[PDB]
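*Asks:* Next up, target03.pdb (PDB, C-alpha atoms (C1' of nucleotides) and all ligand atoms).
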```pdb
ATOM      1  CA  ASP K   1     127.273 105.909  92.437
ATOM      2  CA  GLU K   2     128.198 103.711  95.371
ATOM      3  CA  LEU K   3     126.322 100.645  96.522
ATOM      4  CA  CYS K   4     125.850  99.260 100.019
ATOM      5  CA  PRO K   5     128.371  96.524 100.950
ATOM      6  CA  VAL K   6     125.442  94.520 102.321
ATOM      7  CA  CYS K   7     122.094  94.902 100.531
ATOM      8  CA  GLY K   8     123.697  96.463  97.467
ATOM      9  CA  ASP K   9     121.396  99.481  97.186
ATOM     10  CA  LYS K  10     122.405 102.980  96.150
ATOM     11  CA  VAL K  11     123.907 104.737  99.153
ATOM     12  CA  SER K  12     122.241 107.846 100.529
ATOM     13  CA  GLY K  13     125.400 108.690 102.433
ATOM     14  CA  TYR K  14     127.384 107.910 105.568
ATOM     15  CA  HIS K  15     125.234 105.898 107.944
ATOM     16  CA  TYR K  16     126.474 103.835 110.900
ATOM     17  CA  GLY K  17     130.072 104.133 109.712
ATOM     18  CA  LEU K  18     129.459 103.107 106.109
ATOM     19  CA  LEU K  19     128.112 104.295 102.794
ATOM     20  CA  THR K  20     124.639 102.853 103.119
ATOM     21  CA  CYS K  21     121.088 103.467 101.934
ATOM     22  CA  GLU K  22     117.933 104.272 103.881
ATOM     23  CA  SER K  23     117.051 100.592 103.476
ATOM     24  CA  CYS K  24     120.083  99.637 105.565
ATOM     25  CA  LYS K  25     119.484 102.499 107.987
ATOM     26  CA  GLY K  26     115.776 101.757 108.376
ATOM     27  CA  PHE K  27     116.067  97.972 108.575
ATOM     28  CA  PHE K  28     119.057  98.169 110.915
ATOM     29  CA  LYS K  29     117.056 100.273 113.363
ATOM     30  CA  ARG K  30     113.973  98.081 112.970
ATOM     31  CA  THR K  31     116.091  95.088 113.895
ATOM     32  CA  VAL K  32     118.329  96.443 116.663
ATOM     33  CA  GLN K  33     115.904  98.897 118.313
ATOM     34  CA  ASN K  34     113.026  96.424 118.506
ATOM     35  CA  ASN K  35     115.504  93.840 119.830
ATOM     36  CA  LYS K  36     114.895  91.567 116.868
ATOM     37  CA  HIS K  37     116.936  88.404 116.564
ATOM     38  CA  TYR K  38     116.855  85.902 113.731
ATOM     39  CA  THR K  39     118.641  82.717 112.701
ATOM     40  CA  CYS K  40     119.372  81.115 109.347
ATOM     41  CA  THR K  41     118.867  77.358 109.137
ATOM     42  CA  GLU K  42     121.947  76.791 107.009
ATOM     43  CA  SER K  43     124.777  79.073 105.885
ATOM     44  CA  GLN K  44     124.623  81.913 108.435
ATOM     45  CA  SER K  45     126.339  83.939 105.743
ATOM     46  CA  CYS K  46     124.304  83.425 102.585
ATOM     47  CA  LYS K  47     124.743  85.395  99.381
ATOM     48  CA  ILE K  48     123.374  88.799 100.279
ATOM     49  CA  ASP K  49     121.890  89.853  96.965
ATOM     50  CA  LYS K  50     118.940  92.035  95.957
ATOM     51  CA  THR K  51     116.520  89.124  96.222
ATOM     52  CA  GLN K  52     118.187  86.949  98.860
ATOM     53  CA  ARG K  53     118.525  89.905 101.241
ATOM     54  CA  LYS K  54     114.790  89.506 101.824
ATOM     55  CA  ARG K  55     114.747  85.789 102.622
ATOM     56  CA  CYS K  56     117.492  85.874 105.243
ATOM     57  CA  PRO K  57     117.086  88.749 107.756
ATOM     58  CA  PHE K  58     119.717  87.194 110.023
ATOM     59  CA  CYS K  59     122.234  86.955 107.197
ATOM     60  CA  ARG K  60     121.489  90.575 106.287
ATOM     61  CA  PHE K  61     121.969  91.598 109.924
ATOM     62  CA  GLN K  62     125.247  89.682 110.118
ATOM     63  CA  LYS K  63     126.217  91.270 106.820
ATOM     64  CA  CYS K  64     125.660  94.735 108.298
ATOM     65  CA  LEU K  65     127.845  94.123 111.358
ATOM     66  CA  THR K  66     130.425  92.304 109.225
ATOM     67  CA  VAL K  67     130.773  95.055 106.602
ATOM     68  CA  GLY K  68     131.395  97.525 109.411
ATOM     69  CA  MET K  69     128.045  98.995 110.432
ATOM     70  CA  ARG K  70     128.240 100.219 114.015
ATOM     71  CA  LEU K  71     125.700  98.548 116.279
ATOM     72  CA  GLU K  72     126.437 101.158 118.933
ATOM     73  CA  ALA K  73     125.150 103.763 116.478
ATOM     74  CA  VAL K  74     121.635 102.471 117.010
ATOM     75  CA  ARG K  75     120.053 104.939 119.393
ATOM     76  CA  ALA K  76     117.170 102.639 120.329
ATOM     77  CA  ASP K  77     116.449 105.235 122.995
ATOM     78  CA  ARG K  78     114.860 107.984 120.853
ATOM     79  CA  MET K  79     117.404 110.814 120.812
ATOM     80  CA  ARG K  80     117.912 111.687 117.127
ATOM     81  CA  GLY K  81     121.416 112.834 117.988
ATOM     82  CA  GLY K  82     122.870 109.373 117.492
ATOM     83  CA  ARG K  83     126.380 110.753 117.150
ATOM     84  CA  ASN K  84     128.497 108.759 119.569
ATOM     85  CA  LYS K  85     132.243 108.823 120.316
ATOM     86  CA  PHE K  86     132.913 107.592 116.766
ATOM     87  CA  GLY K  87     131.175 110.640 115.291
ATOM     88  CA  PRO K  88     134.489 112.159 113.983
ATOM     89  CA  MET K  89     135.115 109.054 111.841
ATOM     90  CA  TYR K  90     132.334 110.049 109.439
ATOM     91  CA  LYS K  91     133.919 113.279 108.233
ATOM     92  CA  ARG K  92     137.397 111.847 108.698
ATOM     93  CA  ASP K  93     136.787 108.811 106.503
ATOM     94  CA  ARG K  94     134.877 110.967 104.033
ATOM     95  CA  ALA K  95     137.755 113.438 103.755
ATOM     96  CA  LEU K  96     140.265 110.629 103.243
ATOM     97  CA  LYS K  97     138.049 108.532 100.971
ATOM     98  CA  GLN K  98     137.156 111.419  98.684
ATOM     99  CA  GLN K  99     139.890 113.982  99.386
ATOM    100  CA  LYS K 100     138.541 115.932  96.418
ATOM    101  CA  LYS K 101     139.418 119.614  96.461
ATOM    102  CA  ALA K 102     137.303 122.722  96.083
TER     103      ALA K 102
ATOM    104  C1'  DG S   1     127.317 131.247 116.951
ATOM    105  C1'  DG S   2     126.472 129.352 112.980
ATOM    106  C1'  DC S   3     126.509 125.672 108.798
ATOM    107  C1'  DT S   4     127.444 120.746 108.386
ATOM    108  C1'  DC S   5     126.762 116.096 108.794
ATOM    109  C1'  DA S   6     124.602 112.120 110.312
ATOM    110  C1'  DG S   7     120.970 109.569 112.919
ATOM    111  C1'  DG S   8     116.006 108.521 114.697
ATOM    112  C1'  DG S   9     111.185 109.093 113.758
ATOM    113  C1'  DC S  10     107.292 108.398 111.288
ATOM    114  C1'  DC S  11     105.654 107.773 106.257
ATOM    115  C1'  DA S  12     104.287 106.265 102.255
ATOM    116  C1'  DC S  13     104.315 103.032  99.121
ATOM    117  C1'  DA S  14     105.483  97.872  97.857
ATOM    118  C1'  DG S  15     105.117  92.667  99.218
TER     119       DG S  15
ATOM    120  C1'  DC Q   1      98.122  94.000 107.270
ATOM    121  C1'  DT Q   2     103.124  93.716 107.177
ATOM    122  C1'  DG Q   3     107.208  95.302 105.696
ATOM    123  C1'  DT Q   4     110.898  97.284 102.725
ATOM    124  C1'  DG Q   5     112.915 101.306 101.766
ATOM    125  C1'  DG Q   6     112.540 106.578 102.380
ATOM    126  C1'  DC Q   7     111.911 111.359 103.244
ATOM    127  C1'  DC Q   8     111.897 114.620 107.157
ATOM    128  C1'  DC Q   9     113.217 116.743 111.540
ATOM    129  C1'  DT Q  10     115.924 116.932 115.109
ATOM    130  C1'  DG Q  11     120.192 116.580 117.070
ATOM    131  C1'  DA Q  12     125.528 115.699 117.740
ATOM    132  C1'  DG Q  13     129.448 117.731 115.525
ATOM    133  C1'  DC Q  14     132.490 120.488 113.808
ATOM    134  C1'  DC Q  15     133.886 124.948 111.553
TER     135       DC Q  15
HETATM  136 ZN    ZN K 201     121.765  99.510 101.645
HETATM  137 ZN    ZN K 202     120.513  82.785 105.205
END
```
Go ahead and render the structure in this file as structure tokens.
*Replies:*
Amino acid sequence: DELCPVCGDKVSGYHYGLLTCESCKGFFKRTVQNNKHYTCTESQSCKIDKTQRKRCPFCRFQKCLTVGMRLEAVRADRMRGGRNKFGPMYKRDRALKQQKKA
DNA sequence: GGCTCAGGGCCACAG
DNA sequence: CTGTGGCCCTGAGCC
């Protein structure tokens, strides 16, 4: 029921410090791990919408970092255990954000 | 020690 | 062929 603060897709859960989808997760890795770097000709921060998120990769990347996606969470190495020192924040934020009881 | 919780890899389908 | 977006498996984490 929640949408990504960047691309706007349905979130699959907590990824990189935010409620994000596999599109964010996958693209974020594809960008950061492969050391990709882009640049927008004008307006480095365009309107990141469902269509315009495809035309501006740089703006989408900037959007990710801006909305709060951890760049340090990108284990470009290989180790699937990409839980760094900010690992606790996931369950912490989740417990505060939801705080729903059992 | 075990169940959870989230991330990285490779995939399959869409441009 | 290239790429978005995803499901899957492994791994850090916490209970
Ligand atoms: Zn997303
Ligand atoms: Zn742009």
*Asks:* Residues within 12 Å of ligand ZN 202 (chain K), counting all atoms listed in the file: report them as number ranges by chain.
*Replies:* K: 38-49, 51-63
*Asks:* Kindly provide, as a PyMOL selection string, all nucleotide and amino acid residues lying within 10 Å of ligand ZN 201 (chain K), counting all atoms listed in the file.
*Replies:* (chain K and resi 2-13+15+18-28+50+64) or (chain Q and resi 5)
*Asks:* Quick check: residues of chain K within 10 Å of chain S, all atoms listed in the file, returned as a VMD selection string.
*Replies:* chain K and resid 13 to 17 25 to 26 29 73 to 83 87 90 to 91
*Asks:* How would you write, as a list in words, the residues chosen by the PyMOL selection byres ((chain Q) within 9 of (chain K and not hetatm)) on this structure?
*Replies:*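 This file gives the following for the PyMOL selection byres ((chain Q) within 9 of (chain K and not hetatm)): residues 4, 5, 6, 9, 10, 11, 12, 13 and 14 of chain Q.
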*Asks:* Please report the interatomic distance between CA of residue 30 (chain K) and CA of residue 86 (chain K) in Å with one decimal.
*Replies:*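 Calculated distance between CA of residue 30 (chain K) and CA of residue 86 (chain K) is 21.5 Å.
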*Asks:* One decimal, in Å: what's the spacing between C1' of residue 8 (chain Q) and CA of residue 89 (chain K)?
*Replies:*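 Separating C1' of residue 8 (chain Q) from CA of residue 89 (chain K) is a distance of 24.3 Å.
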*Asks:* To one decimal place, how far is CA of residue 69 (chain K) from CA of residue 36 (chain K) in Å?
*Replies:* 16.4 Å
*Asks:* Axis-aligned box over every listed atom of region 1-14 of chain Q, padded by 5 Å per side: centre and edges in Å to one decimal, as AutoDock Vina command-line options?
*Replies:*
```
--center_x 115.3 --center_y 107.1 --center_z 109.8 --size_x 44.4 --size_y 36.8 --size_z 26.0
```
